[PDB]
There are 2 protein chains.
Amino acid sequence: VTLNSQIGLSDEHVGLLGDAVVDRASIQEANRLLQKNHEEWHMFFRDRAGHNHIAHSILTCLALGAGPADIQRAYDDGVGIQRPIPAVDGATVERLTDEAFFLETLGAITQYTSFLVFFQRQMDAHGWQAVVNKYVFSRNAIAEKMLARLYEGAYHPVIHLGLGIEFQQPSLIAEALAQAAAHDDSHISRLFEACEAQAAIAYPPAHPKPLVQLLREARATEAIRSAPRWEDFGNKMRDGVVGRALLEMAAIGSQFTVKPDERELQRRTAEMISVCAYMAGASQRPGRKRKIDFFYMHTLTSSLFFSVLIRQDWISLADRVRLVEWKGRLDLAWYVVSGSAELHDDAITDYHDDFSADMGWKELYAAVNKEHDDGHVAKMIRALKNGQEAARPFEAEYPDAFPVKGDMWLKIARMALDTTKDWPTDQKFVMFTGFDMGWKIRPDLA
Amino acid sequence: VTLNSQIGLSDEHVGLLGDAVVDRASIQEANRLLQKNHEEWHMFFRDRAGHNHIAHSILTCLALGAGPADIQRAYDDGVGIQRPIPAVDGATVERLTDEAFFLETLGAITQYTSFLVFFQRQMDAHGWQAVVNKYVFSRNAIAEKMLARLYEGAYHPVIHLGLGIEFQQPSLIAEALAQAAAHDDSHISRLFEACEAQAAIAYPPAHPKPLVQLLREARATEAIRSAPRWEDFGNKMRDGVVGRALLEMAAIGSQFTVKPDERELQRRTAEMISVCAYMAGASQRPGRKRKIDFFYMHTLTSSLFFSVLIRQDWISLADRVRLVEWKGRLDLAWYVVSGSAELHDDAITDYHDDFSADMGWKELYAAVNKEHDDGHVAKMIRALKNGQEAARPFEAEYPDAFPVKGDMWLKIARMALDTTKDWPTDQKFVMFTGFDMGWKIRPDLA
Ligand SMILES: [Fe+3]
Ligand SMILES: [Fe+3]
C-alpha cells in the first residue's frame with residue numbers, strides 16, 4: 001500500500017475541459033470503484049481486442065457532470081465481461097530492472113500484474129514524471145519500443161496514459177505503462193520508424209499539406225485501399241497495411257510534419273481532431289442509415305488526450321511534437337483499415353433527428369451520463385467539445401485544413417448519441433464501414 | 001573580427017566563368033548578406049541533408065549577372081529554413097590544436113562554430129594556402145579523414161571550398177573546412193581507400209576505359225544494382241553501397257585513373273563533366289514527364305569547382321589528380337544510389353519546349369536569376385557552361401567518352417529551367433529516379 005498505488009481524486013485538477021460541475025459524492029464513489037478496478041480485474045479481458053474500459057467510463061462520465069448512481073452505472077456495465085487479474089511473479093519484478101529481461105518480457109498478457117508492480121515501485125522512487133520520461137521519452141531501445149506500444153490496439157494505452165496525467169493519479173500512469181508493455185505486437189512500430197525515416201532525406205515540404213489532403217491521396221492510391229481484406233480480420237493492420245502497404249503508407253504519412261513551434265503544435269493538434277471527427281461523422285452510406293465506425297471513433301476519443309500531452313510542461317517539445325506527428329500518421333493507417341470509406345460533407349451539414357434536434361452540450365452530457373454503454377459514446381462527445389474549443393482560434397485562418405468547423409462539432413456529437421441509443425453494445429457501432437461486407441451480414445444496418 | 005573572417009568581394013577575380021558583367025551594386029549587396037550568413041546562421045540546418053545554400057545561391061547568381069534585388073532574393077528564399085548558428089566552445093577551440101582531440105571531435109554538428117573559429121585563427125597565422133595543404137593534402141591521419149569528408153553529402157563541402165578558392169575569400173574556405181569536420185560520416189572513406197588500394201596491386205590499365213563505360217558495367221552488375229533499397233532511405237550510401245557492394249563497386253571505380261599529365265588532367269576532368277550531365281539529362285522515363293534527379297544534379301554542380309582545383313598552382317599535381325580520381329569514383333556510387341537509371345541519348349537530343357525552345361545562355365541566366373529557388377537550378381546552368389568550353393578541345397578527338405557533346409550542353413540547361421520552373425522547391429526535382437517508387441507516390445509526376 002503506497003500513496004501512488006492508491007487512486008485518490010482531488011477537486012483541483014479534475015478534467016481538462018472543466019465545463020461541468022462534479023457532484024462531490026461521485027469523487028468518493030469513483031475512488032472506491034477505481035480502487036477495485038485497480039486490484040481486482042484484468043486489464044486485458046481477452047488476448048486480442050481486450051481492454052478494461054471500466055476506468056475510462058468512470059473517469060470520463062465524471063468530467064461530464066456525473067451523479068453518484070451514474071458512476072456506479074459505469075462499473076456495473078463493464079464488469080460483466082471483466083476477468084480476474086493475474087498473479088504477480090516476483091522473480092519477473094526484481095528482474096525487470098535488467099534491460100535484457102524487460103525486452104524479452106514484452107508482449108506477455110499474463111504478466112500485466114508484474115509490470116504494474118514494477119512501474120508503481122519505480123514511481124515511488126523517482127516519481128511519475130521521471131518514470132515516463134525514461135520509459136517513453138528517452139530515445140533508447142526500451143523507449144522507442146514502449147512509445148509505439150502506447151499507440152497499440154487503437155491508441156488504448158495512450159488513452160490510459162492521458163487520463164492519468166489529466167487527473168494526476170500515478171497509479172493510472174503505472175497501468176498505462178504496464179498496459180503498453182503487455183500488449184501483443186501489431187508491427188505498427190515498423191510504420192512509425194519508416195515514417196520518420198524518409199521524413200529525413202525527403203526535404204523540404206515548404207508549405208505543409210493539410211492532413212485531410214493526405215486522406216484523399218490515400219484513398220486514390222489503390223495499393224493502399226486494396227491492402228486490407230475482409231479475410232485479414234483482426235490482422236488488418238499487421239497482415240494488411242504494415243504487411244503489404246508499408247513502404248506506400250509511410251510515403252503519405254511522412255508528409256505530416258509538425259514544425260517545432262508551440263502555436264504550430266497547437267495548430268496541427270487541432271487539425272488532427274477535426275480530421276478524426278470528420279472521419280467518424282462522414283463515414284455514412286448515401287441511402288443507408290447513419291452509423292459510426294468502431295475504429296474511426298477511437299481516433300476521435302484519443303485526440304482529446306493528445307491535447308493533454310502538449311500542455312504538459314515536463315515533456316520536451318520535440319517529444320510533444322513527436323506525439324502529434326505519430327498520432328496523425330497512425331490515423332491515416334486506421335482510415336484505410338476500416339475500408340477507406342468515402343467522406344462527403346453533406347451528411348454532417350444536413351443532419352436532423354427529433355430526439356436531439358435541439359439538445360445542447362449540457363443536455364447531451366446529461367443524456368449520456370445515464371445511458372448504458374462501455375463509455376465510448378461519452379468519450380466521443382467529450383472530445384468533440386474539446387475539438388470545438390481548441391480549433392476556434394485557428395478555424396477561420398485555414399478553412400482548407402479543417403473539414404469540420406463551427407456547428408458541425410455539435411452535429412457530430414448529436415449523431416453520436418442518436419445512432420447508439422436503443423442499441424446493444426455489440427450493435428451500437430459498425431466494424432469496418434468501408435467494407436461492403438460489414439453492412440450486409442448485420443441486420444440492424446438498413 | 002579579422003580580415004580573413006570578413007567576406008570582402010573584389011572586382012578582380014569574380015567568377016571562374018566570367019562570361020557575364022556583374023552589377024557592381026550586387027558586390028556590395030552580396031557582401032552585406034554573406035556576412036550575416038557567415039555569423040548568424042548554422043551551416044547545418046538539419047543533422048542529415050541540411051546545408052546552407054544561401055551562400056551558394058548568392059555567389060552563383062552574382063557571377064551569372066545578378067542584379068541588386070536578385071541577390072536579396074537568394075537570401076530571402078533560403079533564410080526561411082535556416083536555424084541559428086551554435087555557440088563556440090572555447091575549450092574545444094584551444095584543444096583543437098592537439099591531434100587526438102581533433103580526431104575525436106569530428107562528426108559533431110553542434111561544434112561547427114568551434115571548428116570555424118579554429119580554422120579562421122589558423123588562416124590568420126600561416127595563410128589559407130597553408131591551412132588547406134596541411135589539413136587536406138598532407139597524407140597524414142587527419143588530412144585523409146578530412147579529404148574524404150570534403151566529398152561527404154553530395155559534394156557540398158567541396159562546393160563551399162571551390163567557391164572559397166574561386167572568389168578568394170578565406171572566410172568561405174574556413175566554413176568549408178569546418179563543415180567537412182562537423183559532418184556525419186557516410187563511410188565513404190572505406191570506399192575511397194579500397195579504391196586506391198586495388199589501384200596499386202592491379203596493373204596495368206594500358207588503354208584507360210571511359211567513365212561512361214564503367215557506368216554501364218555497374219548497372220549490369222546485379223550485385224551493385226541491388227544494394228540500394230527504398231527501405232534504406234537516407235543511408236542508401238552508408239548501409240547500401242559501401243555496406244553491401246563495397247568490394248564490388250571498388251572494382252569498378254579503381255579503373256578510373258588519371259595519368260599525371262597536365263593535358264590528361266583537364267581531359268579527364270572534362271570527361272567527368274560530360275558523364276555527370278549525361279546522368280541528369282538522360283535519366284528520364286520513356287512515356288513519363290521529364291524531371292531531373294536531385295543527386296544527379298549535385299554531381300554536375302560540383303564539376304565546375306573541380307575545374308577550379310586543377311588550375312590552382314599551389315596544389316601539387318599528384319593531389320590535383322587524386323581529386324578528379326576520387327570525384328569520378330564517388331560519382332559512380334551516386335549513379336547506383338539513385339537507382340542506376342537507364343540513360344538513353346534520345347532524351348537529350350530530341351528536347352523541345354516552347355518556353356525555352358530558342359533561349360541562349362544569356363536568357364537562361366536572366367530567367368534563372370529571377371526564379372525563386374535554393375540556388376540549385378542557377379548552379380546547374382553555370383556548370384554546363386564550364387562543361388561546354390573545357391570539353392570542346394577534347395570533344396571530337398574522343399567522341400566515345402563524352403556522351404554529351406556540341407549542342408547537347410544547351411539542351412540540358414534548358415531542361416533544368418523547364419522542369420523546375422513553376423514548381424515549389426520540394427517538387428522541382430525527383431529524389432531517386434532509378435527507383436520506381438519515387439515516381440509513384442508523387443502526384444505531380446505524370
Ligand atoms: Fe475503447
Ligand atoms: Fe545543394
# chains A, B, ... in the order shown; residues from 1 in each chain; ligands from 1
>>> select_by_dssp(residues="region 153-402 of chain A", states="helix (DSSP H, G or I)", output="ChimeraX atom specification")
/A:153-155,157-166,170-181,189-201,211-220,222-225,233-244,246-254,262-281,296-311,317-337,346-349,354-356,361-370,376-395
>>> residues_near_ligand(ligand="ligand 1", cutoff="8 Å", atoms="only C-alpha atoms and all ligand atoms", output="list in words")
residues 51, 53, 154, 156, 298, 374, 375 and 376 of chain A
>>> write_last_selection(atoms="N, CA, C and O atoms", output="PDB file, in the first residue's frame")
ATOM      1  N   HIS A  51      -9.837  -4.814 -23.575  1.00  0.00           N
ATOM      2  CA  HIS A  51      -9.464  -3.614 -22.837  1.00  0.00           C
ATOM      3  C   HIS A  51     -10.492  -3.351 -21.743  1.00  0.00           C
ATOM      4  O   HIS A  51     -11.699  -3.437 -21.988  1.00  0.00           O
ATOM      5  N   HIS A  53     -12.425  -1.135 -20.053  1.00  0.00           N
ATOM      6  CA  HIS A  53     -12.964   0.217 -20.156  1.00  0.00           C
ATOM      7  C   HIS A  53     -13.641   0.703 -18.874  1.00  0.00           C
ATOM      8  O   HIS A  53     -14.233   1.789 -18.901  1.00  0.00           O
ATOM      9  N   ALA A 154      -5.568   0.455 -31.196  1.00  0.00           N
ATOM     10  CA  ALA A 154      -6.399   1.643 -31.400  1.00  0.00           C
ATOM     11  C   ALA A 154      -6.180   2.672 -30.290  1.00  0.00           C
ATOM     12  O   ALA A 154      -7.126   3.173 -29.680  1.00  0.00           O
ATOM     13  N   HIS A 156      -5.135   2.597 -27.211  1.00  0.00           N
ATOM     14  CA  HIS A 156      -5.780   2.409 -25.914  1.00  0.00           C
ATOM     15  C   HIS A 156      -4.814   2.613 -24.745  1.00  0.00           C
ATOM     16  O   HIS A 156      -5.219   3.177 -23.720  1.00  0.00           O
ATOM     17  N   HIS A 298     -12.450   5.727 -32.213  1.00  0.00           N
ATOM     18  CA  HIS A 298     -11.286   5.633 -31.339  1.00  0.00           C
ATOM     19  C   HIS A 298     -10.214   6.640 -31.738  1.00  0.00           C
ATOM     20  O   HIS A 298      -9.430   7.081 -30.889  1.00  0.00           O
ATOM     21  N   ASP A 374     -20.173   1.052 -22.757  1.00  0.00           N
ATOM     22  CA  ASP A 374     -18.822   0.882 -22.243  1.00  0.00           C
ATOM     23  C   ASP A 374     -18.136   2.205 -21.938  1.00  0.00           C
ATOM     24  O   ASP A 374     -17.028   2.198 -21.391  1.00  0.00           O
ATOM     25  N   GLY A 375     -18.766   3.328 -22.271  1.00  0.00           N
ATOM     26  CA  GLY A 375     -18.194   4.648 -22.093  1.00  0.00           C
ATOM     27  C   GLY A 375     -17.772   5.309 -23.384  1.00  0.00           C
ATOM     28  O   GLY A 375     -17.374   6.482 -23.363  1.00  0.00           O
ATOM     29  N   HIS A 376     -17.858   4.592 -24.506  1.00  0.00           N
ATOM     30  CA  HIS A 376     -17.364   5.116 -25.775  1.00  0.00           C
ATOM     31  C   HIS A 376     -18.152   6.343 -26.211  1.00  0.00           C
ATOM     32  O   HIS A 376     -17.570   7.365 -26.593  1.00  0.00           O
TER      33      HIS A 376
END
>>> residues_around(residues="residue 21 (chain A)", least_positions_apart="6", cutoff="8 Å", atoms="only C-alpha atoms", output="PyMOL selection string")
chain A and resi 63-65
>>> closest_residue(among="A:300, A:71, A:203, A:282", to="ligand 2", atoms="only C-alpha atoms and all ligand atoms")
A:203
>>> closest_residue(among="B:33, B:9, B:377, B:81", to="ligand 2", atoms="only C-alpha atoms and all ligand atoms")
B:377
>>> residues_around(residues="region 403-414 of chain B", least_positions_apart="2", cutoff="9 Å", atoms="only C-alpha atoms", output="VMD selection string")
chain B and resid 212 271 274 to 275 277 to 278 280 to 281 345 348 to 353 356 to 357 359 to 361 364 377 380 to 382 384 to 385 387 to 388 391 to 392 395 to 396 399 to 401 416 to 419
>>> residues_around(residues="residue 116 (chain B)", least_positions_apart="5", cutoff="7 Å", atoms="only C-alpha atoms", output="ChimeraX atom specification")
/B:174-175,178
>>> closest_atom_pairs(of="chain A", to="chain B", cutoff="6 Å", atoms="only C-alpha atoms", output="Markdown table")
| residue | atom | partner | partner_atom | distance |
| --- | --- | --- | --- | --- |
| A:198 | CA | B:233 | CA | 5.9 |
| A:201 | CA | B:234 | CA | 5.2 |
| A:204 | CA | B:426 | CA | 5.2 |
| A:205 | CA | B:426 | CA | 5.8 |
>>> write_last_selection(atoms="C-alpha atoms", output="PDB file, in the first residue's frame")
ATOM      1  CA  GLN A 198      12.067   9.407 -45.232  1.00  0.00           C
ATOM      2  CA  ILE A 201      16.000  12.544 -46.613  1.00  0.00           C
ATOM      3  CA  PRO A 204      11.627  20.154 -47.860  1.00  0.00           C
ATOM      4  CA  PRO A 205       7.808  20.412 -47.507  1.00  0.00           C
TER       5      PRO A 205
END
>>> closest_residue(among="B:339, B:210, B:153, B:164", to="residue 272 (chain B)", atoms="only C-alpha atoms")
B:210
>>> decode(residues="region 77-129 of chain A", atoms="C-alpha atoms", output="PDB file, in the first residue's frame")
ATOM      1  CA  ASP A  77     -21.849  -2.349 -17.100  1.00  0.00           C
ATOM      2  CA  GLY A  78     -18.246  -3.226 -17.798  1.00  0.00           C
ATOM      3  CA  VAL A  79     -17.720  -5.756 -15.001  1.00  0.00           C
ATOM      4  CA  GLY A  80     -19.999  -8.411 -16.504  1.00  0.00           C
ATOM      5  CA  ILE A  81     -17.297  -9.079 -19.097  1.00  0.00           C
ATOM      6  CA  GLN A  82     -14.328  -8.447 -16.790  1.00  0.00           C
ATOM      7  CA  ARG A  83     -11.955 -11.291 -15.950  1.00  0.00           C
ATOM      8  CA  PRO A  84      -9.709 -11.553 -12.868  1.00  0.00           C
ATOM      9  CA  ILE A  85      -6.197 -10.070 -12.729  1.00  0.00           C
ATOM     10  CA  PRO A  86      -3.169 -12.422 -12.920  1.00  0.00           C
ATOM     11  CA  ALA A  87      -0.832 -13.019 -10.026  1.00  0.00           C
ATOM     12  CA  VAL A  88       2.473 -11.175  -9.684  1.00  0.00           C
ATOM     13  CA  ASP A  89       5.580 -13.265 -10.334  1.00  0.00           C
ATOM     14  CA  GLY A  90       8.079 -11.592  -8.021  1.00  0.00           C
ATOM     15  CA  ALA A  91      11.015 -13.050  -9.943  1.00  0.00           C
ATOM     16  CA  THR A  92       9.971 -11.096 -13.038  1.00  0.00           C
ATOM     17  CA  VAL A  93       9.561  -7.973 -10.885  1.00  0.00           C
ATOM     18  CA  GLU A  94      13.102  -7.957  -9.496  1.00  0.00           C
ATOM     19  CA  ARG A  95      14.393  -8.984 -12.948  1.00  0.00           C
ATOM     20  CA  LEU A  96      12.548  -6.199 -14.811  1.00  0.00           C
ATOM     21  CA  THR A  97      15.362  -3.836 -13.802  1.00  0.00           C
ATOM     22  CA  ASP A  98      17.802  -5.538 -16.194  1.00  0.00           C
ATOM     23  CA  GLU A  99      17.443  -4.127 -19.705  1.00  0.00           C
ATOM     24  CA  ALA A 100      17.842  -7.588 -21.248  1.00  0.00           C
ATOM     25  CA  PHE A 101      14.917  -9.045 -19.265  1.00  0.00           C
ATOM     26  CA  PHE A 102      12.440  -6.197 -19.780  1.00  0.00           C
ATOM     27  CA  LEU A 103      12.557  -6.565 -23.573  1.00  0.00           C
ATOM     28  CA  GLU A 104      12.183 -10.363 -23.558  1.00  0.00           C
ATOM     29  CA  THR A 105       9.138  -9.984 -21.279  1.00  0.00           C
ATOM     30  CA  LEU A 106       7.293  -7.564 -23.574  1.00  0.00           C
ATOM     31  CA  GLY A 107       4.104  -8.984 -25.037  1.00  0.00           C
ATOM     32  CA  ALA A 108       3.091 -11.123 -22.038  1.00  0.00           C
ATOM     33  CA  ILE A 109      -0.587 -10.518 -21.311  1.00  0.00           C
ATOM     34  CA  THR A 110      -0.384 -12.837 -18.274  1.00  0.00           C
ATOM     35  CA  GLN A 111       2.409 -10.683 -16.775  1.00  0.00           C
ATOM     36  CA  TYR A 112       0.378  -7.464 -16.559  1.00  0.00           C
ATOM     37  CA  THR A 113       0.270  -7.659 -12.754  1.00  0.00           C
ATOM     38  CA  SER A 114       4.053  -7.909 -12.592  1.00  0.00           C
ATOM     39  CA  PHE A 115       4.608  -4.859 -14.811  1.00  0.00           C
ATOM     40  CA  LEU A 116       2.168  -2.835 -12.698  1.00  0.00           C
ATOM     41  CA  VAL A 117       4.078  -3.664  -9.513  1.00  0.00           C
ATOM     42  CA  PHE A 118       7.317  -2.643 -11.244  1.00  0.00           C
ATOM     43  CA  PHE A 119       6.144   0.732 -12.544  1.00  0.00           C
ATOM     44  CA  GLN A 120       4.455   1.522  -9.228  1.00  0.00           C
ATOM     45  CA  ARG A 121       7.598   0.681  -7.256  1.00  0.00           C
ATOM     46  CA  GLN A 122       9.691   2.731  -9.680  1.00  0.00           C
ATOM     47  CA  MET A 123       7.262   5.636  -9.334  1.00  0.00           C
ATOM     48  CA  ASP A 124       7.715   5.527  -5.557  1.00  0.00           C
ATOM     49  CA  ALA A 125      11.407   6.228  -6.195  1.00  0.00           C
ATOM     50  CA  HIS A 126      11.928   8.915  -8.843  1.00  0.00           C
ATOM     51  CA  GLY A 127       8.301   9.964  -9.390  1.00  0.00           C
ATOM     52  CA  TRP A 128       5.671   9.597 -12.087  1.00  0.00           C
ATOM     53  CA  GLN A 129       7.296  12.286 -14.234  1.00  0.00           C
TER      54      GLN A 129
END
